[PDB]
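So the structure is just underneath, and the comments pick up after that.
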Protein chains: 2
Amino acid sequence: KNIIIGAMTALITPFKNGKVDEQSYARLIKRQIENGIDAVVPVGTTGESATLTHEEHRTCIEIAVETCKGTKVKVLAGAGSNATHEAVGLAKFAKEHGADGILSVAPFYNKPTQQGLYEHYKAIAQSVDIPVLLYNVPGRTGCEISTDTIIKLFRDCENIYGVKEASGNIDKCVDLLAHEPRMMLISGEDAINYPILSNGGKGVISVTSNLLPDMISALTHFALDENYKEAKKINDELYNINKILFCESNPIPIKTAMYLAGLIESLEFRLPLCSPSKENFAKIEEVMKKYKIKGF
Amino acid sequence: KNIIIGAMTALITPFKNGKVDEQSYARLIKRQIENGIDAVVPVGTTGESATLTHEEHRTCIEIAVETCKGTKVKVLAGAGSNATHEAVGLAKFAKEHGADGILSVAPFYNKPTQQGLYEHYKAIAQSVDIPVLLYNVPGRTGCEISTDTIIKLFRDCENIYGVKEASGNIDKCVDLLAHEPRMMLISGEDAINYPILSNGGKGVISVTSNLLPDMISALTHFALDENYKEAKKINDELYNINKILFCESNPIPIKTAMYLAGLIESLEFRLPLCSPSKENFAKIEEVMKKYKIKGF
Ligand SMILES: N[C@@H](CCCC[NH3+])C(=O)O
Ligand SMILES: N[C@@H](CCCC[NH3+])C(=O)O
């Protein structure tokens, strides 16, 4: 199976005057590349998938592919949708435009059954020939991809190679890899990056890495080499910032931190996302003071 | 405040060969009109908003408007989105094409803060001059519109007149009407229609009414006329069908029931939605036989 693993970043999508800031997007990706990141994920939850048009979604995938050209960094393109025909379209676009693989979030809002999730992902996987990583985040979607469904998809579809888990459920991570040790379990939850990796997870798709790519990168590669002492020390050091980046709904805190660090020009979200409370703004600024934030 | 209340139906969207069956849609609406229903809700969750294109979404609203033309039945158009620019577009279309009001589900998947929900709905309400009914269903969206946010929106925006609650939380329904008794609280949870109405709720937006419109309309009108003994008797009789219509995720069971009753031509969904299990299919069929289903 071909895979996309290692330290990976869920890219924020910067806006300027309501539009996608395209030179800022490329500069941010370059910064990720230069700080040891193995793959970038354009337009997932952290990239405000919901409020981008299908056109802008495709533009961000193109900038990501073009920027990683001539490097080892891969593009795991965000391509999920709660409509199977929409998810297949994004997957086909990502393949035709040079993505190395796709991330595909479980359908949100309409809550398909396990049978429906299976058929949803099989249709996506059969539409292209690049790796497909499932993405389970039940707190945001309202549905869960069960362990049985994940394992069935991995065994039944050649290009489905694993899952990004954002479920706060280390029991499920044991279940997954105890019954199907060939799959690539990816941490979707920065605070518990090390425990997932120490159980045989093979990478992370990180929010914190937007701000501290070098630290998340070192953590992941220490862990992959079974240097657990070093990996845990970094995971422990990162806990405070990992938690404060979800004081409000992601990506409101991470965009706030990137702006405070001078890495993006203006805060700016697209509604219904908005700027944090003054309290949380001050809390994010405080926690940031304890870390070294690389510039450009 | 101008309002839309009473017994209302979250319309299923029938498909034939994968496209919207517009003649079946109009025929089902007429069936609703003839059984005492006060308003219809095109393209909600029950109408598979997620998998309709923006254009089919608009077509369904138009059919509802024509079919209710010249009748006392109102059209409360499904116009929600997790992207504020999308929700404003749908709201303006509904207004421009003759809907009496709009339903607007809380943004799903991207989990805005309470401040974001306020700005989201303030933008929608300021875009049109027809009534706007908020819609809270946290099990599907991943977010909750707090009682404070609902009340602030009701008091601050002229056209925002109430909320459809599908949260299984009668405590919140007391909270809402104890602090703001002027709003229109609408039941979005069939099994507890009567308790919500008996606390001063003023209508239902029902899934069960697709199959038994006469019973749901009677229940609502009994309750509004303060005949709580008869409203409760119907709510109690309907409990079994009200629960079995959610044995799987709505609208998989209700479409299964409509097909079993001979009210739609084919049991077709759009992926990721699919047919129920064989077991569930048999369970829906067995419960249906205890009720009298109106024909055409
Ligand atoms: N509001 C839509 C936008 C999809 C198009 C861009 N990803 C959704 O969240 O599904
Ligand atoms: N699947 C997307 C697009 C729906 C557009 C038509 N209602 C969503 O749920 O937001």
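Chain identifiers are assigned alphabetically (A, B, ...) following the order of the sequence lines, protein sequences preceding nucleic acid strands; residue numbering begins at 1 within each chain.
For B:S49, the part lying under 4.5 angstrom from a heavy atom of chain A is the side chain only. Neither the backbone nor the side chain of A:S277 comes within less than 4.5 Å of any heavy atom of chain B.
By number of non-hydrogen pairs under 4.5 angstrom with chain B, the leading residue of A:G116, A:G142, A:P276 is A:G116. Counting heavy-atom pairs under 4.5 Å between each of A:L273, A:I252, A:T45 and chain B puts A:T45 at the top.
By the 6.0 Å and 45° rule, B:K152 does not stack over the aromatic ring of B:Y118.
Classification of B:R270 and B:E56 as a salt-bridged pair holds, one side-chain N sitting under 4.0 Å from a carboxylate O.
A donor atom on one side chain and an acceptor atom on the other are not found under 3.5 Å apart for B:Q115 and B:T113.
Considering A:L211, A:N250, A:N210 in turn, A:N210 is the only one that fulfils the side-chain contact (heavy atoms from CB on, under 4.5 Å) rule with A:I12.
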